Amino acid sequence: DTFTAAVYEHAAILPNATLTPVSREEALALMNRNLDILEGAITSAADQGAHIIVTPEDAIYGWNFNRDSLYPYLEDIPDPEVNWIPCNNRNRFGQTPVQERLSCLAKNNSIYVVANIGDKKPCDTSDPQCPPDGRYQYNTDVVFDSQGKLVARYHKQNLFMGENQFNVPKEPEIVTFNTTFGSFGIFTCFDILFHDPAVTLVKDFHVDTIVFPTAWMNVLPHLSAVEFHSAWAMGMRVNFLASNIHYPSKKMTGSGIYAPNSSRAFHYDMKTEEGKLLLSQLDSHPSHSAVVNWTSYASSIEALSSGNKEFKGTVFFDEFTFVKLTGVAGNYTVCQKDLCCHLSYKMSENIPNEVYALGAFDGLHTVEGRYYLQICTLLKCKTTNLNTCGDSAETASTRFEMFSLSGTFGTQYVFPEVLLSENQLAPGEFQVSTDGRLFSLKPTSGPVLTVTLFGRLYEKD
């Protein structure tokens, strides 16, 4: 059993913004301008045989808001248990034109539609957690099935910097929907860096596939959307449908269809202002049983290199301990606190004016989000000056004939990333061993930007 998956990268029409909140008529007009574009992708995906389509986070109204400017865009989204086809019973829950339009899009195209809209929940001064506003406002994913029925409603648990227009639910929402093409879980953007509900869906609810609306801002070398989202899919052994906003000026680009063994389709484009529809087949019930012990090999072996010139280098505001790679081939070990990283490599050639380093990081990230990390990275330094190792490098010339990366990870949640020049994924050029080694299966098809083992220590957050 296989199915055809679809994701759409969306160049959104953002509201003029801001000063005074718009009328419900003006908010609806804007939302319908974005929905007209999404209708275009949904109908094409359905005409091309897709079983499900994911659209991005904030694709219908953007991200520039305060609590009051957002309010006119909001709908009261009922509990999916209510058993409702908004297309077949338009006024069951009052004025809900966005829900009705999404339901009709799913129903008329006989396709599952995943979209991200806004939920309004009015509350009384009686409950202590009710905002002084008189309502809760949630960043919400909605899922409509092939018949137009509301089958999932998910309120974003992990809010990003400046998402003050939204509230956090009391308890993390573990939202799943079952189909004839596998069990599905759902979360949004920043949720991918946290345990709840992301890890819970996979390890406890045993989902086959994650549907993921996102408005991701690319942060090289480790947090580029295609790179990190496919790594997370591989580390969690799940299918992953990443639908991202298309906005190059904010570094937003990177949608794909990821399988547990490799990426199946991906899109990165910083040049045009156009959206993109991606389609690809996936196994409905992929194997989830390919277990990895991430510290195994690394904890067994002794330091590959001795007495070396180690330097501190900044990677996304985090101070890594690096060791420059010297020679077209080598074996290095670098440690930072509780983490020891090992690399075995062989380059295709010793390209001039291009420096590579092996970095180690064990610590808490605090800039624009608080999360505990353990990272082992083989990265292309921006220039030849070692104080540029860890800075965003979009191009490289060095192809690798072989690599083997591993670390003494104090966690079972490690995401294996392989990124080529210029933000290209490498499918299926690498694998992960049961021992915890990220290794090449072939010489890389393009020059290497990074080979990273990105680990999360959720308990140390």
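Start at 1 with the first residue shown and count on from there.
A.B. asks: Tell me whether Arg92 is absent from the model in at least one third of the other entries compared, counting only those where the residues either side are present.
C.D. replies: It is, since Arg92 is left out of at least a third of the other entries that model both flanking stretches.
A.B. asks: Read off the CA B-factors in the entry, average them over 123-131 and over 242-250, and name the higher stretch.
C.D. replies: It is 123-131.
A.B. asks: If you average the Cα B factors in the entry, which is higher, 64-72 or 48-56?
C.D. replies: Comparing averages over the C-alpha atoms only gives 64-72.
A.B. asks: I'd like to know which of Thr176, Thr140, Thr180, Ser348 has the highest C-alpha temperature factor in the PDB entry.
C.D. replies: By C-alpha B-factor in the record, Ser348 ranks first.
A.B. asks: Out of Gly307, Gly148, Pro197, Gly118, which one has a C-alpha B factor higher than all the others in the entry?
C.D. replies: By C-alpha B-factor in the record, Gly307 ranks first.
A.B. asks: Using the B-factor values recorded in the entry, state whether the Cα atom of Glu163 falls in the lowest, middle or highest third among the modelled residues of its chain.
C.D. replies: According to the entry, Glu163 has a C-alpha B-factor in the chain's highest third.
A.B. asks: Within this chain's modelled residues, let me know which third the CA B factor of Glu273 belongs to: lowest, middle or highest.
C.D. replies: Within its chain, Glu273 is a highest-third residue by C-alpha B-factor, going by the deposited values.
A.B. asks: Thinking about Cα B factors across the chain, which third does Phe184 belong to?
C.D. replies: Tercile = lowest for this residue's CA B-factor.
A.B. asks: Looking at the temperature factor on the CA atom of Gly428, which third of the chain's modelled residues does it land in?
C.D. replies: Its C-alpha B-factor, which the entry lists for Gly428, ranks in the highest third among residues of this chain.
A.B. asks: Looking at the C-alpha B-factor of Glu227, is it in the lowest, middle or highest third of its chain?
C.D. replies: CA B-factor rank for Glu227: lowest third.
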